[PDB]
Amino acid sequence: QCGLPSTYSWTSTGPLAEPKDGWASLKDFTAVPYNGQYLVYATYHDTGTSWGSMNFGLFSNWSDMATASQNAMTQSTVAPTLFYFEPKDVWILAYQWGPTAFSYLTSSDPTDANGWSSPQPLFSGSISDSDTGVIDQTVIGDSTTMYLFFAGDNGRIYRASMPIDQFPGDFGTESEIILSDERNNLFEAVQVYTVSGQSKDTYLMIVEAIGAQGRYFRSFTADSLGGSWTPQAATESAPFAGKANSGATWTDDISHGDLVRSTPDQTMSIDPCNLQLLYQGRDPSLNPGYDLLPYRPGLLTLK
């Protein structure tokens, strides 16, 4: 068994895939182990003004991601969260910019980018002091409760909860603000995981921040998903993952993605002995506007 360190240091792959022809970027990755392989969903931006979602074909090795297929979704599930909700034998794809503040689709075969149900409401509430409104949800459960976490591009991280029996369902309208900092410091792309192999419940939160050298992640930890969060690696010079410690040669940004989860279920479990981050990065010298930033997947592996 292993523990999470209070500071982090990684090595990185190069960019793992080029976007489908006609797309500018692949973003906001969510991944699960599936069939002994990896199943990845993502945001895309085209080479014009439009957003969508996609999945990759199954692939076994991270170096196979470059030749995995890229499958555009008919239902746009921007900034998706993929997981298997084991208690009801159902796969969940949570996302934003759907019919309500957050939405989810259901499926029995998550490999089919276009085999999902029509949307169901995941969250119908709003937040104060945000120009974007709610963004970048994730969903995670323990033995009693399912939790919704999200951001607001406003320095704040939010949480909603429901008894686990009630899921899949709408978390409702209410949320609690659980962290608040400068806007750049707790910006977006929040993720929460159960650290496996621990003698007491241990949860890891990462939040994307805007740094002087680029996008990076700050980490927080908690003893309970419904408890308070304490900063862990939470500065740009000693971050969870960023230019300071990523070993990434092709990107300064370490941005919206997913730690590599050890199982696909709602506990969002990670193996601290084999910590890896599937992130979005981009060539530092290409800085177009219009949301055309050429984000690509990359993989950090914890030393």
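The numbering used is simple: start at 1 and walk along the sequence shown.
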* Structure fact -> The stretch whose C-alpha atoms carry the larger average B-factor in the entry, 132 to 140 or 167 to 175, is 167 to 175
* Structure fact -> Taking the deposited Cα B-factors and averaging over 24 to 32 and over 240 to 248, the higher mean is found in 240 to 248
* Structure fact -> Comparing C-alpha B-factors across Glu86, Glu208, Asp153, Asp112 in this entry, the winner is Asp112
* Residue of maximum C-alpha B factor among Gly48, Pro264, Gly52, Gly257, per deposited coordinates -> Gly48
* To do: Sort the modelled residues of this chain by their C-alpha B factor and say whether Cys2 lands in the lowest, middle or highest third.
  => highest
* To do: Report the third (lowest, middle or highest) to which the CA temperature factor of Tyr104 belongs, ranking only the modelled residues of the same chain.
  => middle
* Asked: Sorting the chain's CA B-factors, does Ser9 end up in the lowest, middle or highest third?
  -> middle
* Please place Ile157 in the lowest, middle or highest third of its chain by C-alpha B factor as given in the entry. => lowest
* To do: Looking at the entry's B-factor column for C-alpha atoms only, identify whether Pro119 ranks in the lowest, middle or highest third of its chain.
  => middle
